[PDB]
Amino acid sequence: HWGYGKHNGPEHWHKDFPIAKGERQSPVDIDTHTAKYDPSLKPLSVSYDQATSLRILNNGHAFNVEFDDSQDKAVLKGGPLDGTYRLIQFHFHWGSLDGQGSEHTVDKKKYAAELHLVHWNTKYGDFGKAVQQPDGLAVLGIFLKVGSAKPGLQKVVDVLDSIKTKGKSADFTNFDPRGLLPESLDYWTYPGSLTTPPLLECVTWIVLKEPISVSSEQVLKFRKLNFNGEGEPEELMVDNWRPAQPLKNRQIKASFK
């Protein structure tokens, strides 16, 4: 099965998922000098007031905080998007050390982690149908740097002890994802893919320029999770990021001057 180790990591994924070598793969390096300001882009609309979190799950490659997406409760619209995209889950990618962990890079800089808020286009009815479409998903990516603690992340950090191993889940109601957003919604956007198998080319990526700060203690708790299941040899869940992929025939657009 695919993963992040030497024998099953990103350089191997193409054997089971040939789209790994496709024309719109993610993540990518964001070259800030080449990204063009697009005055036609609209401000992003992040409407999370009615978000309903339900559960947190260790799925063996990250942890997902899952939301009720049976109604338009937490939605992303505007920006580069046409239509309405419903929040289904968020998760992170992070490193073994603070100098790596993000999937996107900025002028080749790697951040300590990257948060992905995953949304699907309601015109396709369900997430499984949406991933089959080139405009099916919108993922909002937010970089994490290590410095001051992020108060709105602590409730996530403190439940991780309860989902240490693959397949464990825990009730996770009443979590407000607005507490994970930076001040500015300035962003870069480009067409890309899921960054884990099946690597489907169905994502409009929206990557915020402003990182959030988390504390060393917060990210250290991410790094105590396990890729393995209970009662299996311990493999710390670290370095669960895919490196930057070729940009090919794509333009990254900036919402800001």
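Residues carry their position along the shown sequence, with the first being 1.
Here the stretch with the larger average CA B-factor, out of 215-223 and 33-41, is 33-41. The PDB entry records a higher mean C-alpha B factor for 55-63 than for its counterpart among 186-194 and 55-63. Remark: of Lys168, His91, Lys129, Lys110, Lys168 shows the highest value [criterion: C-alpha B-factor in the PDB entry].
When the C-alpha B-factors of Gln133, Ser96, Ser102, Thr84 are ranked from the entry, the top spot goes to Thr84. When the modelled residues of the chain are ordered by C-alpha B-factor, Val157 sits in the highest third. Ranked within its chain, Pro151 lands in the highest third, by CA B factor from the PDB record. Among the modelled residues of the chain, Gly141 sits in the lowest third by CA temperature factor in this PDB entry. Looking at the C-alpha B-factors along this chain, the one for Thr173 belongs to the highest third. Annotation for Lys15: C-alpha temperature factor in the highest third relative to the rest of the modelled chain, per the entry.
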